[PDB]
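One structure is given below, encoded as structure tokens.
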Amino acid sequence: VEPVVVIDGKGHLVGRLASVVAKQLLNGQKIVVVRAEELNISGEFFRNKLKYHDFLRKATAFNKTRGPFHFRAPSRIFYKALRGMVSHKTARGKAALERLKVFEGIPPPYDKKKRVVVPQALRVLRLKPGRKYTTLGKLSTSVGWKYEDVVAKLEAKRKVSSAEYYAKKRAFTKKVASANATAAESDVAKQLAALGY
Amino acid sequence: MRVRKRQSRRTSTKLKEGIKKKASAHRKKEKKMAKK
Amino acid sequence: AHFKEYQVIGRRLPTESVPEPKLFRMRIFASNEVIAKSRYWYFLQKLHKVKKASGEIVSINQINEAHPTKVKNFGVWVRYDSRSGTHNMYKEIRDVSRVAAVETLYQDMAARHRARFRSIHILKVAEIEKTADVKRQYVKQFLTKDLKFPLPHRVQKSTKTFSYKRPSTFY
Amino acid sequence: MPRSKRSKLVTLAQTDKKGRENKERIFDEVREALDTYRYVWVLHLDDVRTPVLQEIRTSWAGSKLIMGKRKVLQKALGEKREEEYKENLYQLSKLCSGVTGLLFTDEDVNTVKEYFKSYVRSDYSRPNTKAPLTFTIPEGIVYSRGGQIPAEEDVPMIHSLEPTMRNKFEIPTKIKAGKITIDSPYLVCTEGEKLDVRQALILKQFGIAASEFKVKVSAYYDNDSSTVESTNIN
Amino acid sequence: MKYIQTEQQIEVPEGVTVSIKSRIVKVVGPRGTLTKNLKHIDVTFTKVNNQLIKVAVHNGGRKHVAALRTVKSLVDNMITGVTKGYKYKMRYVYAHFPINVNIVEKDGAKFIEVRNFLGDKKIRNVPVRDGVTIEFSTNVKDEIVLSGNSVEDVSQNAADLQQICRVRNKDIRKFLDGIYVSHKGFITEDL
Amino acid sequence: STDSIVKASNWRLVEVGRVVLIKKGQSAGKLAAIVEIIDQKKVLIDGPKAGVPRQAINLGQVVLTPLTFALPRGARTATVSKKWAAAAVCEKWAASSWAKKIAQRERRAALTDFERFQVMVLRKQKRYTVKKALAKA
RNA sequence: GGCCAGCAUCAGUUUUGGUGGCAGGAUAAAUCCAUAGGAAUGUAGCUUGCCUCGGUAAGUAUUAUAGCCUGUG
RNA sequence: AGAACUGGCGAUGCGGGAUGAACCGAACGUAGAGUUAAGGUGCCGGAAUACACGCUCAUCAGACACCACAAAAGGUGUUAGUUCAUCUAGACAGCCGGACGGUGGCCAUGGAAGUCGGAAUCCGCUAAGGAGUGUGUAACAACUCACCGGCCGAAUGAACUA
RNA sequence: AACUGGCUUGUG
RNA sequence: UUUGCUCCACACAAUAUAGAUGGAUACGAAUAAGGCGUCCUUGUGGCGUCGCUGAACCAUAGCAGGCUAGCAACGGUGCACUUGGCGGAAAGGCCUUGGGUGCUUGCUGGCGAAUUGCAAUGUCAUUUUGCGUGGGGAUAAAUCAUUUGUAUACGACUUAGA
Numbered sequence: 099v100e101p102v103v104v105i106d107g108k109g110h111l112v113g114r115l116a117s118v119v120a121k122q123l124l125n126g127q128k129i130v131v132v133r134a135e136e137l138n139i140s141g142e143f144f145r146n147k148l149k150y151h152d153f154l155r156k157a158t159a160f161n162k163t164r165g166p167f168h169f170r171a172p173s174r175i176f177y178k179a180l181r182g183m184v185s186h187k188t189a190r191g192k193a194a195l196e197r198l199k200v201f202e203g204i205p206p207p208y209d210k211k212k213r214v215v216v217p218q219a220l221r222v223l224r225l226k227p228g229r230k231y232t233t234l235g236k237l238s239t240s241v242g243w244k245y246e247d248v249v250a251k252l253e254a255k256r257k258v259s260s261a262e263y264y265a266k267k268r269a270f271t272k273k274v275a276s277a278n279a280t281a282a283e284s285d286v287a288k289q290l291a292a293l294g295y
Numbered sequence: 005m006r007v008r009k010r011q012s013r014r015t016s017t018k019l020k021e022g023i024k025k026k027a028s029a030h031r032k033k034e035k036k037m038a039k040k
Numbered sequence: 588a589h590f591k592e593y594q595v596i597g598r599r600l601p602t603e604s605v606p607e608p609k610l611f612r613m614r615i616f617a618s619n620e621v622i623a624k625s626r627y628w629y630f631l632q633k634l635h636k637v638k639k640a641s642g643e644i645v646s647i648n649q650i651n652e653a654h655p656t657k658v659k660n661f662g663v664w665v666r667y668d669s670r671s672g673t674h675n676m677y678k679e680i681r682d683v684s685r686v687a688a689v690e691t692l693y694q695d696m697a698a699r700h701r702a703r704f705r706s707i708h709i710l711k712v713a714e715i716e717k718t719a720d721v722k723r724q725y726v727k728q729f730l731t732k733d734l735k736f737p738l739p740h741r742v743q744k745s746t747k748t749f750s751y752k753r754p755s756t757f758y
Numbered sequence: 004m005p006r007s008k009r010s011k012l013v014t015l016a017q018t019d020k021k022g023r024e025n026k027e028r029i030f031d032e033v034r035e036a037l038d039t040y041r042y043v044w045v046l047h048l049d050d051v052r053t054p055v056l057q058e059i060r061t062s063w064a065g066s067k068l069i070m071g072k073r074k075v076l077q078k079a080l081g082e083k084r085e086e087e088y089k090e091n092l093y094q095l096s097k098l099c100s101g102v103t104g105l106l107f108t109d110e111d112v113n114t115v116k117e118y119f120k121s122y123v124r125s126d127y128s129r130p131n132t133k134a135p136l137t138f139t140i141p142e143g144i145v146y147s148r149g150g151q152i153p154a155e156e157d158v159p160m161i162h163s164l165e166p167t168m169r170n171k172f173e174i175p176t177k178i179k180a181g182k183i184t185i186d187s188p189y190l191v192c193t194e195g196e197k198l199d200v201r202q203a204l205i206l207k208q209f210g211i212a213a214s215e216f217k218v219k220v221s222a223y224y225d226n227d228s229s230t231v232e233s234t235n236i237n
Numbered sequence: 036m037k038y039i040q041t042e043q044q045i046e047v048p049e050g051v052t053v054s055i056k057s058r059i060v061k062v063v064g065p066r067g068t069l070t071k072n073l074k075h076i077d078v079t080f081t082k083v084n085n086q087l088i089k090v091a092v093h094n095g096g097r098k099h100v101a102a103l104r105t106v107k108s109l110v111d112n113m114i115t116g117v118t119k120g121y122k123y124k125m126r127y128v129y130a131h132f133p134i135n136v137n138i139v140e141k142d143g144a145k146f147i148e149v150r151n152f153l154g155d156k157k158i159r160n161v162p163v164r165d166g167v168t169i170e171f172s173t174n175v176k177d178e179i180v181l182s183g184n185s186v187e188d189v190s191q192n193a194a195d196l197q198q199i200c201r202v203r204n205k206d207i208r209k210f211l212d213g214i215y216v217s218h219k220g221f222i223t224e225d226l
Numbered sequence: 242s243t244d245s246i247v248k249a250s251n252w253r254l255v256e257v258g259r260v261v262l263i264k265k266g267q268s269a270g271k272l273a274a275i276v277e278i279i280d281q282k283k284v285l286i287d288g289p290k291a292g293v294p295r296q297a298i299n300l301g302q303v304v305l306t307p308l309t310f311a312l313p314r315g316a317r318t319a320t321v322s323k324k325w326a327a328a329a330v331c332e333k334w335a336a337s338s339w340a341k342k343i344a345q346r347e348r349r350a351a352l353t354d355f356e357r358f359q360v361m362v363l364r365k366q367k368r369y370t371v372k373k374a375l376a377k378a
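Protein chains in written order, with the working numbering: chain W, 99 to 295; chain A, 5 to 40; chain F, 588 to 758; chain S, 4 to 237; chain D, 36 to 226; chain Z, 242 to 378.
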């Protein structure tokens, strides 16, 4: 629908997001993902950390270099699980994953562009309350992604910038709504409502 | 920590068919006993 | 499947010098006729010395309910042979009809006991007119005056994969 | 709450529980008492001693003094006018509010109403009460009496009880050799204040029955008159 | 058994005021204020009027409702900690070696400094949390008093403090010395 | 000023009296009212006026409206119709902004291409007016 | 007069929708109309308390200033 | 282990079982269209992130073919049951009081007072209070239950199964 | 030249 | 440079497109909560209102978009300039000033289209490159050989050399 989709990854879950993404890629929508320090995974911190140390101890015992890379960072985690969801060895796969771009935080140029969500992956719908979740920023900094305090600063910069922006947009909508409702009660408006607008 | 080795949950077929043959032995023994 | 309640009688065959035996009746729950019949013969072979070949069926009649939409408290005495020796049980439902109550029962027994339709027995349905002789509590709390409660955390089931809105439940 | 419950402590003690058999037993027994005896006295006794009650009973065997649970005593007396063993009993079933306690006599009224004014004992504070004395504990060795008697003949308090003094009684109690000592004097209470439970306990620990004990009564009934009498004497 | 609605009452007195947006609380009274986040707990609050507030849960599992009773008692502890204020009293006892105990301020740090412990040379500092004040006991030997509004801060600080003198490798029955709590009262005295 | 300012936590509540919309089933865009509650997730309803039967239903198939009127449990359909027309909900609902939106989507789906070109031009005219209205003031 | 295709009508095969007329069951059961009786998670009304002076509390009250349940038709 | 019968494989491919001698389905000429079996439907992967009742939240669950081997049980995790007990004539939790006299019962001992310890199991008043659970001092004392009773008023508890 | 069939482990 | 490199204009050529064919239309935090507006004592304030799908908002007629006439308005939009700001996370864009230049379907007129023959993607977008056309721009380093030796298996590495 949109040529370039820009997901916000906050409030979301990995697997469910990953599945919907992978299918959208294999059908071709160029998809981009942000804020993936603030993803969520089910379960508790310690279960997820035990898991990841297990993946971390997996290594090629004859030469440790050439085997399973324990990518620490969040975006590349998400990429990992997605690479499991895809046939990454073949060309349909590779020309899927060249339709994917993962970032942390939000760089430009997408902050000036629209962000979306997924319904059917979100924590806040999908999880029963009284049940734990795990911020990937906390997790990955616990396991050796040494950039977390940076991105919070930059996102804090972005947030005020967007704040001033929304103030402008709001005032503009205020004026425009007043203008349109004052222009309403014209017969053309009556006819529009007659036709359902 | 040092997160230690797991047992799998993988199928490992010899144990499946060993289970089936063991099961039939168990049920045979049950029928040999069940007259009493 | 989706269930019905049936009325059956069997009239075990006329033998000479005992014609017309005593028309043993049952009320039997199932989704259709022949399943109902087979269960009549199954209970009957348990309860006294019959076989199907030595017996014959009088009639099948769907029992509709008299006043369906009357909310009713039902209480059901049942048996089941789980893996152990057989054993009894009572359960209590606030519901609309006998048939729907036993529907919910069959599924709940399936959850909580891994209990099959085949190895369930119903003894009996009863309906309770007056309150406050229901033994259980989880129905009993649904009987109080001026009752109100919420649907918290309501979630809306969209067809689309995207939403552009940062949704919410309400509240 | 099928699991994650408390475990209640199981023992092998000798005494067993009474149940309703003793309840209905005493009910019918007072109803037996009613027509037999003639003079009836309702007794509010909040602080009670087992030897005092036995002393009163072995004083008056021709009387009978009965105590038991309240609502069944109200039952056996009859709480309504509609239900009662005899008449004019519901109204005096109303008033009997406190720890009661009851007597069945056939003797004079005068002798008993002067008896229980003459009858006075020494008991403890039993708080939500006054105790007619104050106590400062001196900044020295502490003793079983707490400064009552001379310091030569009082015995110092045992070194077992001191952590109870630190925990319950809120008091700094510091332990030199085997006796027990304090560093500042401790006043426990004053006159004219309602004694607290820790205050009552410390005077108990000293073992001081500084409070007077006298029973009051509120009322009297006679069967042959079949009439109720109201008397607040203490 | 999946209780449908559970609920408890908390009693606001006349003096004190409370402001509850979503699951945040502020509680203000004469001694001062406190705040607390409770976003992890998933309940509902309601006023009826101004001396009583109702907490509640709908569709409770056992864990959910046990949490309900807990959160009530937490907020009541805050209320007490404003209107009364809480007050915890300790003593620091020695057989041979007198403690030197002191208060210091390192850049505004409010450390608590102990020396001569068991004939040591070691300095041990303990921080003080915000919102709690110290006093060494005037006219009472070998005693220290803490007072505050945050009960959790107070108890955590003193529990730390007796957790510092956990004397190690040595027979506890002999080394009776240490720093311990005398009692847990309120500030007031009268009420 | 020295009073406690928690806010009411406005719920929509299920109770005897709650009037309800249906999103899936046969009626599937019609109203009714509860009479009775069965459990947390099933309720027994009936609305005669729109046409819908009496029935049990599961709650996830329905959504609540803020609207309510007083009503007694165990009701019969004559009783609820009488109370309904006394309480005047159909006007209230249809005046509510939600039903305006439902009607809007309905009509737009019911709409002809010729009328689509009409709305195009009339929207352009309104736009002309309004964009003059702005950039001046 | 070769190559690729398209439209219509027809046939075999087949998938998917609309719609009408019929039969059956307890000649559906129910709703709905009337009627009789009953009772409460007790509606009006009555009594007492508070009083924020109308909402509780406990009694009363079987339709009344709501209604429900059952039986028959 | 031995016999007897029967079916599969052997000469035989195909779909599924992640892969496969033994499993599940299935009558092989080439092609088209349709419908299905066994198995499955989050993504790999064609198919419902379908509907719906319940239970589960594991500090390496389970997704198992199942009775089957560790195995009978432990577990203050959790839901539902069974059988018994209690009760506004006041259940359970609790807070308060009593919780006695003969009696410090007999030897036993330096000391043994309900509790270092052997054996006895009384009556008295009793609402109830044992020849006496547990802390205890050298003994004694003091405190606690088990037992009743006062305030509260509401349902609760033992055992067992699943 | 190294688990028939989860083999082996602390308790006659 | 037999004018070689480069910035920019238009003519043609190839050259392909993991696949445009109205718009990637901007807050954040929470969801047992919030947003939007308004008022006040400006706060976790009050008051009203909204969601319950983007099934929307914007844009949108003219030969794949012409030639023309006006009417109403001085508003909108495009092009190339030009003033002044803002943004570093991969900024590579977003504002904004001025006028010039068109068009304006806000409304009413007039002309044309045909014949692609009942439809055939009926081609209109972007990446890359070269030849030419004509206005600008600027005038290198590396390597081999030699030599060194802090390095050196030969390569490599590190030094000096008009």
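Note that CB positions come from ideal geometry on N, CA and C, so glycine has one too.
Flagged as an interface residue toward chain D: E173/S, by a C-beta distance shorter than 8 angstroms. Nearest neighbour of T115/D by Cα position, chosen from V139/D, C200/D, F132/D, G64/D, turns out to be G64/D. Under the three-pair Cβ rule at 8 angstroms, the region 200-210 of chain W counts as touching the region 246-263 of chain W. Residue pairing by DSSP places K61/D opposite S54/D, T70/D in a beta bridge. With 16 or more other Cβ atoms from the protein chains shown falling within 10 Å of its own Cβ, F661/F counts as buried. Contact between the region 124-140 of chain S and the region 219-230 of chain S is absent, with fewer than three C-beta pairs closer than 8 angstroms. For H654/F, there is no enclosing alpha helix (DSSP H), since its DSSP letter is neither H nor E. In this chain, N135/D is not harboured by any alpha helix (DSSP H); it is covered by the beta strand (DSSP E) spanning 135-139. Between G213/D and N184/D, the C-beta gap is not smaller than 8 angstroms, which leaves the two residues out of contact. For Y177/W, the enclosing alpha helix (DSSP H) has its first and last residue at 172-183. Contact annotation for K74/D against chain W: no contact, minimum CB-CB distance about 11 angstroms [criterion: below 9 angstroms]. By the Cβ rule, the region 217-230 of chain W does not count as touching the region 125-134 of chain W, because fewer than three pairs are nearer than 8 angstroms. Contact of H218/D with chain S by beta-carbon distance below 9 angstroms involves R169, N170, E173. At a cut-off of 8 angstroms between C-beta atoms, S187/S counts as an interface residue with respect to chain D. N113/S and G65/S have their alpha carbons spaced roughly 16 angstroms apart. Annotated three-state conformation of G71/S is coil, per DSSP.
Per DSSP, reduced to three states, the secondary structure at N675/F is strand. Per DSSP, the unbroken alpha helix (DSSP H) holding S322/Z starts and ends at 318-328.
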